[PDB]
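What follows are structure tokens for two forms of the same protein chain, given separately as structure 1 and structure 2.
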Structure 1
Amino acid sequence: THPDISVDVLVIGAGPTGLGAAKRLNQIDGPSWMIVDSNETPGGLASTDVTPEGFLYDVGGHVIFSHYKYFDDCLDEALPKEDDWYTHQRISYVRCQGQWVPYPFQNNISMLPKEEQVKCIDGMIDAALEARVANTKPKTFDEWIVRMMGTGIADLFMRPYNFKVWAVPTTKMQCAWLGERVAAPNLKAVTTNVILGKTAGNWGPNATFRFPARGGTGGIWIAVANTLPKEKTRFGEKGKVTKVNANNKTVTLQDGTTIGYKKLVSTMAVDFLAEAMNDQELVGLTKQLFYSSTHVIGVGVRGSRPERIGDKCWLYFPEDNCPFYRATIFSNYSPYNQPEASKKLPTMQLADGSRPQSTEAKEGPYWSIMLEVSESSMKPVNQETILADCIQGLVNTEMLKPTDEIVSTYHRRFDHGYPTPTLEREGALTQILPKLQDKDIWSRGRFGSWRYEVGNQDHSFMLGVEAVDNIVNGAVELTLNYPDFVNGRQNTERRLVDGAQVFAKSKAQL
């Protein structure tokens, strides 16, 4: 019995990974293909939301750094106009003992209190000496931290912060993922800065970045998707997958529709995929994986951007005076992430949690703060108090004065927020993924393949691109299996226009 639809390559999910697949499928223009998503708006976790008050919020505050020229190509194609983008410098700090320590923390001990400087420089001297002699490798994230930074910085920042964000102890995570995530501090340079009182916040791929002028980051993915042939997309309730029959290569949609595929690129969470397959073995396997949920909190506030806030981009909060691990001055990325000054809005509450002296709609201007709070079986959070707790936290960290007027609030919980690089992860993935591929199913993405090291938007996008390129041109999936390889190089070879398309164009013009 024939399926309602038959394609060579079926793409499930229209987030960055899925759209990457679609883009390369569309570029090659060889096999037939189709992309579906239960959401009417493509973008997935890289989408932007809006409060009724006109405040925009990305899903946690997303800053792009591109490792791939291909990813750049597709962005330039979607938002080609110069004024589609703003370019910014990374102003990042960590909140430690009343003071803002420039990112990364481990490289800026100099901004700490004297007593704390001691504990830190001590830990590093120890670690540098043991390292001069070490011949074994760190078994856990935690060991790596101690080995690389010493007990001083471990206890002061690394350990408490990482629990606050991963929702699992540092001793429960693996060490291989953090090539380009965590900076290994040089003893000599660190003490030199302590002596001099200088800073060093240039480490990391976040140096300088682009942000879309309108629509938040979610705008990019809407623009990218628009380059696809509408009839090959199926977004909304009509595109919600409810069943995957690996054995006879057919997917079933919510509305009963059936799609037949030769090859399946799934970008939904691999545990949901296992469920949708009714494959008991895979379900059990995926159940060995671990993830944290993410609460994204949005706070719209009236007033000119306080000088105390300055041009800070994102801030890290290791201390326990606030529930959130990171905050972003989202209003700094684009003036279109919040209403214009002329827009009149009533004050909902003051930062201290009290009623405003006036509930009349007043003018702005406005600024915006975006928060993230992790959740897991090891770190539960109370949904009905988290917004209030977050706002208090903003007070406690002197992000807001208790008098500051709050004009808009945003709170949304994303079940699958972070794929946790646990000690167990690979043992599971090295079974799950191979077994899926033996069924002609490329499971890829932040939760498709579950590898955070390679879980950024560009990474995800390329996972989709490279899956297709593997399916069609026999390309090695570098991003999936070799995070350090792709992350350590400039990937310039693959382009939105490869030789193939050039030669075909010229043969058609004769």
Structure 2
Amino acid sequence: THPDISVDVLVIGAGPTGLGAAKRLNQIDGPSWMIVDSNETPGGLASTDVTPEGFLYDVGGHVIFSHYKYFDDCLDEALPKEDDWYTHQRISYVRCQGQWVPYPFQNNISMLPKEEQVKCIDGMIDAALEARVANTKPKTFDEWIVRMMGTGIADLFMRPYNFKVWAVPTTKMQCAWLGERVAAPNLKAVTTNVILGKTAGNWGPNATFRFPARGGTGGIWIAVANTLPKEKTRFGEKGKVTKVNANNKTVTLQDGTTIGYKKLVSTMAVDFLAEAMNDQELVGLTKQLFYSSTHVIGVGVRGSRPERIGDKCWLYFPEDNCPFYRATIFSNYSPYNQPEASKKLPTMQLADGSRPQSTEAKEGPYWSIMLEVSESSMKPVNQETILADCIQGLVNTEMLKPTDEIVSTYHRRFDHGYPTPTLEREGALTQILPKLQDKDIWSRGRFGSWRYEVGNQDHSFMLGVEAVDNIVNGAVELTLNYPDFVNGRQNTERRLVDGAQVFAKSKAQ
């Protein structure tokens, strides 16, 4: 019984990964292919929501750094205008004891209370002397943190911050995900800055990342998707997969439609994939994995951008005076992420939670704040009070004066937000992925692979690109199995226009 549709390669999911596979599939333009997604808007969790008042909010951060030229070609194609991008300085600050400590944290303890400085330096001196002798590798994320920068810096930043991040204690996670690099501290660099009292960090003006002028991050994956042949695309309720028969290689859609495939590139969460296949073996193995939920809170506020935050990026918060682990002045990325000044809007509430004087609609200008909070069984989140608690924190950290007028609020909860690099992660993945692979199924992506190391928009995109390259050209899936390898090098070989397309085109001439 032949299916309704028959393609060589079927890509499920129109996120960075899905589009990655699709963009390479369409570049090779050889075997037949098709891409599906239950959402009519391509980009997935890399999209950009908007508020009724017109405030944009990235659901999945932004690419501050790409490791592949291929990824760059694909972005340059979608948004080819210099006016499509706003280059920004890669900045970073850590909120510690009423201080904005620039990245990296260690090289800036010179602006912490001197007593604290001592506890830190001593801690590193211990880590530096133990490293000089260390003959083993760290077993947990915790051990990895100590060895790298002593207990002192381990009690002020890393430990407490990484809990608010992964909602899981550092002792329950592996550390191989961080890289192959030796866990050894640099005393000279840290002591020097303390002595000179010198402060530094970020990078100027060389280290820069680009952000899309309009539409937020979602606009990027939208533009890319539009470079595809629309007949091969299938987005919306018509593209929602409900059943996956790995045995006869047939996918059933929600309406009932069935698609046959020779190779399957799945970018949905593997735990969902397992159920769609109804394989109690995979469902059992997938349950061994672990993830955290994330609350993306947004806050629009009237007035110009406060001097004390100026040029921006993200801010890390290791302390207790706030529920969020990181924040960001999203208004600093592009003026079009907010309504213009002329736009008039009523004030919903003040920063202290008080009532607005008047309900009248006053005009801008406007600036916007975006932040994130993690949820898991070890770190529960009150869905109702977390938005108000964030606004409180924004005040505690002195990012909002209680007299600040909030014009817009935002709050969405993502069940699958962070593929946790637990200690049991690989023990499970070393079974799951091979099994799926035996069924000619390439499960790749942030939750398709379940490896945070390669969950970035540039990594995920290449996962798809490489999964395909493997299926067709038998290319090695580097990013999937060797994160350190790709990260520690400039990947420039593969381009949007390889010698194949060059020769086939000059072939006509």
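Residues that one form lacks are left out of the comparison. We call the rigid core the largest set of C-alpha positions that still match within 1.5 Å between the two forms. Quick note, the numbers are simply positions in structure 1, starting from 1.
Of the residues listed here (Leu423, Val182, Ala428, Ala276), only one shifts its CA by 2 angstroms or more between the two structures after fitting on the rigid core, and it is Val182. Core-superposed comparison between the two structures: the Cα of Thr347 travels less than 2 Å. Once both forms are fitted on their core, the CA shift for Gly364 between the two structures remains under 2 Å. Superposition of the core reveals a Cα shift of 2 Å or more for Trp203 between the two structures.
Overlaying the rigid core between the two structures leaves the Cα of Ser92 displaced by 1.2 angstrom.
Its Cα shifted by 0.1 Å between the two structures, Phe324 is reported here after superposition on the rigid core. In sequence order, the runs of three or more residues whose C-alphas all shift by 2 angstroms or more between the two structures, with the rigid core superposed, are 179 to 185, 202 to 207.
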